[PDB]
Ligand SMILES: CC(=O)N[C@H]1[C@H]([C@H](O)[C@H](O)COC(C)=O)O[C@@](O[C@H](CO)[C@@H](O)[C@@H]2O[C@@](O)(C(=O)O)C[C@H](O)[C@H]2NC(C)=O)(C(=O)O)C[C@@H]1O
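One chain follows as structure tokens, the form solved without this ligand.
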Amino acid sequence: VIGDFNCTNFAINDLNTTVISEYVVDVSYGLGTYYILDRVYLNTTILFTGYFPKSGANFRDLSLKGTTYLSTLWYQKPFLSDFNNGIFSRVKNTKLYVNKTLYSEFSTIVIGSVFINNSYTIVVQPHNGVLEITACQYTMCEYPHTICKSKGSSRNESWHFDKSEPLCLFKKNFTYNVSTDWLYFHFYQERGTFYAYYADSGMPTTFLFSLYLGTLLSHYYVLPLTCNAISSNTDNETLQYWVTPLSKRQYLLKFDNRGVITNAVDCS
């Protein structure tokens, strides 16, 4: 389980027939890199040490799409994952349509330790062009999940059950371009402070925020999304949420004559 609160008994089983899809990290076009502090480098190559993916390591696609039933096995290892120093995410923006109006969906991620309301859980959730980010003492469900608010779902949304508002260290919204095909994120921790970088356009990420927690984060989980759409019998659309571990690595970075990181090399 994530959490421990019994949010519902409705339509749960032990279905085993789901496996992690995997793909190979390739930073040669600047994927997995980020812009350095407030600096601009031009038409040059730099050696820099930062929280980066290992080149040639695997990404794991942790996105889960459901329709009605939830497997208990989705709420365990290998999906419930160790956070260590941090993670890099490559996220497909699943662009749906209703009456020729565009809607943007992708999986929520939660980052935490015990997921009990005596500890802070970070949550990053899309709301169709608004990225809502919070860090609160959420009463996380045993079996948390989200819904397609655009197309609808056979079950209600539930990932926490707080009746009164919980205590929060952080709560902000960031806009993102709903038309882009991919979002990139770095989430990492150093000396009890969490750091988030993202990009909605291009591959190199840029700083969103940092947050003092004092405590070590230890786990992350990508919430199942339940939808009446997003499948081969209705639209051929898919979720994808690729993650890979960060570590403190030395990279070569190449900046063009307008300060964009165009290429990188993991030196080991």
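The numbering used is simple: start at 1 and walk along the sequence shown.
Another form, the form deposited with this ligand bound, is not on view; read the next lines as being about it.
Select from the listed residues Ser231, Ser28, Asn58, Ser210 the one whose heavy atoms reach within 4.5 Å of this ligand in the entry with it bound.
Checked against the cut-off, the match is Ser231.
With this ligand left out here, work out from 104-112, 71-79, 191-199, 84-92 which stretch has heavy atoms within 4.5 Å of it in the entry with it bound.
Of the stretches listed, the one contacting the partner is 71-79.
Should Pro204 be classed as touching this ligand in the entry with it bound when contacts are defined as heavy atoms within 4.5 Å?
Contact with this ligand, no.
Any chance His219 has a heavy atom within 4.5 Å of this ligand in the entry with it bound?
Outside the cut-off, so no.
Mark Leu15 yes when one of its heavy atoms lies within 4.5 Å of a heavy atom of this ligand in the entry with it bound, and no otherwise.
Contact check for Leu15: yes, within 4.5 Å of this ligand in the entry with it bound.
Taking heavy atoms and a 4.5 Å cut-off, does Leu64 contact this ligand in the entry with it bound?
Flag for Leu64 set to yes.
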